[PDB]
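> take a look and give me a structure for this.
(2 chains, ligands or ions: 8)
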Amino acid sequence: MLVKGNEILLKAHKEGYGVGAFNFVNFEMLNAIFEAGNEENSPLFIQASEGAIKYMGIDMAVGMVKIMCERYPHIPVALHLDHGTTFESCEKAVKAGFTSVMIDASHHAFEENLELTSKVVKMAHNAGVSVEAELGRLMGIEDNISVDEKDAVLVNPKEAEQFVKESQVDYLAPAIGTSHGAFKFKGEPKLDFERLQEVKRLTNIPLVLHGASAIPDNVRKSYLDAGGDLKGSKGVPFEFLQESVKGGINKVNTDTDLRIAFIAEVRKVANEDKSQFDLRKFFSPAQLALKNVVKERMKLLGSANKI
Amino acid sequence: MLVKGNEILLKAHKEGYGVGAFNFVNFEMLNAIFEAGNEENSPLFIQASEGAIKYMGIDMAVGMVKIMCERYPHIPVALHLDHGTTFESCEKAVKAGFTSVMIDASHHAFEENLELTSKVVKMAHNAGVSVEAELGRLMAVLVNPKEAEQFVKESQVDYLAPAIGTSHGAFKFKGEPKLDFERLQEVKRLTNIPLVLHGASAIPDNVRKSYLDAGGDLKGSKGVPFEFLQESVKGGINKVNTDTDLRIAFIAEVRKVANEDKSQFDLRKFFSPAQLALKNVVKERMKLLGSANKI
Ligand SMILES: O=C(COP(=O)(O)O)N(O)CCCCOP(=O)(O)O
Ligand SMILES: O=C(COP(=O)(O)O)N(O)CCCCOP(=O)(O)O
Ligand SMILES: [Ca+2]
Ligand SMILES: [Ca+2]
Ligand code: NA
Ligand code: NA
Ligand SMILES: [Zn+2]
Ligand SMILES: [Zn+2]
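Numbering: from 1, shown residues only, chains lettered A, B, ... in the order given. Ligands and ions are numbered 1, 2, ... in the order given. And now the structure:
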């Protein structure tokens, strides 16, 4: 059933596994994510960014989710606002029926981030919805990066301790070296697992990893075979995602992998039959590929069979 | 708001216009259809086939439509089961919240068709939803006006789909387009109810061109000319099933995006243009059929 996000992540935190948080922009993505959760018997964060809410309309985002939850009442699901940018946006999401909201003010100074985050928390908690906030910048720590300029980019763990204590945020996204999109690393992947472990120790709450797509070999292969361009793309290795969970990550934001898998099949159908214009013949294989990405990720993070 | 199909077709029937009935299989198609209705101030028949209902889940088909009706409360909308094949399928639709259902037993003997249709009509009318049935082969083999007269009186169906020369899909005519408008008018005279044209896509020139420019193949395809559609409405057609045109327009833009940027994998970048092309096909059709500005 639809539940507050912190009910799902507190279980993950205590039992030491990670729960995939999967973005959707329409029916096909949503359906495939839910079918994956049903087949793997796994809890789920379903998320929509502000741009996805603009695309769908917030009434439709929430609406489709509630219908899916009624279809599969046994699956614990949190409906989560991804990268909320203002108090007002988080407020609209609460009113609309989201059960978790991210207020992302990581680009603001520490005092402003904490102030805005605390304001959202007071509002959300009053409505019985959980809150995520973020510290650090979601960009790659390039090689030859200043030893100090690294501490000006990644999460400052002492900041994280105070941040969580004063804001009462339910979960925290600490930047440890990932970033959004298909182009995460020039050269070999590297994440600050020491930093992660220090944050987990200091805060003792569920933590969130953004930019956690892996760009699996089979997915890259499907996209390339269908004539797509992924030159220079590098995701977070499966081994790193498991290490992240060991280090205290409980929510794993995954969006890019889903879209590559999905669009690879759309491109393939278009390539292989020029006369095809039944939408379902494009979107059925696309759904299956996305579903399969989600199912494998659920097993990897250890959320499979945790319902 | 969401209304029984007869509310919409009776007005169209009395005032002599046609109302486009547009199929959807997901959110993008449904949103573009509704935005068309909003921009041309037109009533809407939104339909889902048995196949589309399997694809979406009937719970999602109805749910999405109701959300859209709440988004655009001024637009009269009928939610219609296209090509129901059994009593059971029609009943599920009534129970799920459809406000219109087609029971299609056209391929059966006249007697079986009338029998099954009368059963659906009894259940549906009991629940306040309208019913469409079909007579004739959509490809003698066309509707028999005297059969239609009897079929309508005994079955009490709200609207009828008489076969007059159309058929589904992009390949409607080997040669020149022809419809039996004489047959249409006789059916209209003898039944005096709203009539439904299936296989009504036109495959417009701009849509065909967008599809071919995008690498698609439409060799040999031919739809119902705009002029013939207008002649159909004049002859008594009030519901005009349109599906193929929307899909070609939509998929043309999807193909184009795939062609022009191999690195693009944001779904919205594919489906935003596809929605706009679909919306524009539907807007023009609303104007053509005369349902524009009827709100
Ligand atoms: O951390 C992530 C995903 O990480 P990933 O890119 O590795 O999958 N997320 O927060 C999801 C990304 C949201 C962006 O979507 P919009 O373009 O609609 O704003
Ligand atoms: O009459 C028509 C459409 O006519 P058109 O093909 O000229 O647009 N309709 O009844 C629509 C047919 C819908 C079929 O879709 P499925 O494949 O899901 O069964
Ligand atoms: Ca941020
Ligand atoms: Ca038939
Ligand atoms: Na988030
Ligand atoms: Na129909
Ligand atoms: Zn993110
Ligand atoms: Zn039809």
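
> near the residue in the stretch 101-250 of chain A that ligand 5 sits nearest to, how many other residues are there?
Distance from ligand 5 to each residue of the stretch 101-250 of chain A (CB to the ion) is smallest for residue A:102, at 3.9 Å. Bear in mind the C-beta positions are built from the backbone N, C-alpha and C, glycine included. The number of residues packed around residue A:102, counting by other CB atoms under 10 Å in any protein chain shown, is 32.

> show me the strands in chain A, by range?
Defined through DSSP state E, the strands belonging to chain A, from first to last, are A:19-23, A:44-49, A:77-84, A:100-103, A:130-135, A:171-174, A:207-209, A:249-254.

> ranking those strands by burial, who's on top?
Comparing the strands of chain A by mean neighbour count (mean count of other CB atoms under 10 Å in any protein chain shown), strand A:100-103 ranks first with a mean of 30.

> before we move on, back to that, the residue of the stretch 101-250 of chain A closest to ligand 5 - nearest residue in space that isn't next to it in sequence?
Distance criterion CB to CB, 6 or more residues apart in numbering or on different chains; nearest residue to residue A:102, sequence neighbours excluded, is residue A:132 at 4.1 Å.

> in the stretch 201-307 of chain A, which residue sits closest to ligand 5?
Distances from the stretch 201-307 of chain A to ligand 5, computed as CB to the ion, single out residue A:253 as the nearest residue at 5.5 Å.

> show me what contacts that residue?
Contact analysis of residue A:253 by CB atoms under 8 Å, 6 or more residues apart in numbering or on different chains lists A:21, A:23, A:47, A:82, A:208-212.

> need phi/psi at residue A:73.
Residue A:73 adopts backbone torsions of phi -70, psi -20, taken as degrees, to the nearest 10.

> against residue B:274, how distant is the residue of chain A found nearest ligand 8?
For chain A, the residue closest to ligand 8 is residue A:278, as judged by CB to the ion, at 14.6 Å. Residue A:278 sits 14 Å away from residue B:274, going by CB to CB, to the nearest Å.

> hey, which helix is longest across chain A?
When every helix of chain A is counted residue by residue (DSSP state H), the longest turns out to be helix A:279-301.

> is it true that residue A:123 touches residue A:94?
Yes. In terms of CB atoms under 8 Å, residue A:123 counts as a neighbour of residue A:94; the distance is 6.7 Å.

> with neighbour numbers in mind, choose between those two.
The residue with the greater number of neighbours, taking residue A:123 and residue A:94 and applying other CB under 10 Å, is residue A:94; the counts read 21 against 17.

> list the contacts for the spatially closest residue to residue A:108 that is not a sequence neighbour?
Distance criterion CB to CB, 6+ apart; nearest residue to residue A:108, sequence neighbours excluded, is residue A:116 at 6.8 Å. Under the criterion of CB under 8 Å, 6+ apart, the contact list for residue A:116 reads A:87, A:103, A:105, A:108.

> all helices of the stretch 151-300 of chain A, in order?
Along the stretch 151-300 of chain A, the stretches classed as helices by DSSP state H, counting those that start in this stretch are A:157-167, A:193-203, A:217-225, A:238-246, A:256-272, A:279-301.

> return the residues in contact with the residue nearest to residue A:102.
Neighbouring residues of residue A:132 by CB under 8 Å, 6+ apart: A:5, A:80, A:100-103, A:169-173, A:208, A:251.

> so which of those residues reach ligand 2?
Within the set of these, contact with ligand 2 (CB under 6 Å from any ligand atom) is found for no member.

> ok, is stretch A:251-265 in contact with ligand 3 or not?
No. Remark: stretch A:251-265 sits outside contact range of ligand 3, by CB under 5 Å from the ion, the gap being at least 11.5 Å.

> just confirm yes or no for that stretch near ligand 1.
Yes. Legend: contact between stretch A:251-265 and ligand 1 by CB under 6 Å from any ligand atom is shown at A:253-256.

> now stretch A:101-121
No. Stretch A:101-121 does not reach ligand 1 (CB under 6 Å from any ligand atom); its nearest approach is 7.8 Å.

> just the buried residues of that stretch, please?
By neighbour count with 16 or more other CB atoms under 10 Å in any protein chain shown, stretch A:101-121 contains the buried residues A:101-106, A:113-114, A:116-118, A:120-121.

> the spatially most central residue of chain A pairs with what?
Nearest to the mean C-alpha position of chain A, counting by CA atoms, centre = their mean, stands residue A:253 at 1.7 Å. With DSSP bridges as the criterion, residue A:253 is bridged to residue A:21.

> how far away is it from ligand 7?
Here residue A:253 is placed at a distance of 5 Å from ligand 7 (CB to the ion, to the nearest Å).

> residue A:197 too?
The span separating residue A:197 from ligand 7 equals 21 Å under the rule CB to the ion.

> over to residue A:243?
19 Å.

> what about residue A:213, how many residues close to it?
By the measure other CB under 10 Å, the count of residues near residue A:213 is 27.

> which ones are touching it?
Counted by CB under 8 Å, 6+ apart, residue A:213 has contacts A:181-182, A:184, A:235-236, A:254-257.

> hang on, isn't residue A:84 packed against residue A:50?
Yes. Under the criterion of CB under 8 Å, residue A:84 is in contact with residue A:50, at a separation of 6.9 Å.

> hmm, stretch A:13-31 touching ligand 5?
No. Looking at stretch A:13-31 against ligand 5 by CB under 5 Å from the ion, there are no contacts, and the closest approach is 6.3 Å.

> ok, now stretch A:136-154?
No. Counting by CB under 5 Å from the ion, ligand 5 has no neighbours in stretch A:136-154; the shortest distance is 10.9 Å.

> what's the answer for stretch A:118-131, then?
No. On the criterion CB under 5 Å from the ion, stretch A:118-131 is out of touch with ligand 5, staying 10.3 Å away.

> just the buried residues of stretch A:101-121: which are in helices?
Within the buried residues of stretch A:101-121, residues falling in helices by DSSP H are A:113-114, A:116-118, A:120-121.

> can you tell me the residue of the stretch 151-300 of chain A closest to ligand 4?
Taking CB to the ion, ligand 4 has its nearest neighbour within the stretch 151-300 of chain A at residue A:278, 18.9 Å off.

> okay, now that residue: neighbour count?
Neighbourhood size, residue A:278 [other CB under 10 Å]: 16.

> before we move on, what about residue A:72?
Each residue near residue A:72 was counted by other CB under 10 Å, and the total is 14.

> hmm, it is touching residue A:40, no?
No. Between residue A:72 and residue A:40 there is no contact under CB under 8 Å: 12.0 Å.

> returning to that earlier point: excluding chain neighbours, what is closest to the residue of the stretch 151-300 of chain A closest to ligand 4?
In space, not counting the residues next to it along the chain, residue A:278 is nearest to residue B:247; the distance is 6.6 Å by CB to CB, 6+ apart.

> returning to what we had before: bridged to the residue nearest to residue A:102, which residues?
With beta bridges defined as DSSP bridges, residue A:132 has these partners: residue A:102, residue A:171.

> any idea how far ligand 4 is from it?
Taken as CB to the ion, the span from residue A:132 to ligand 4 is 53 Å.

> nothing else from me, thank you.
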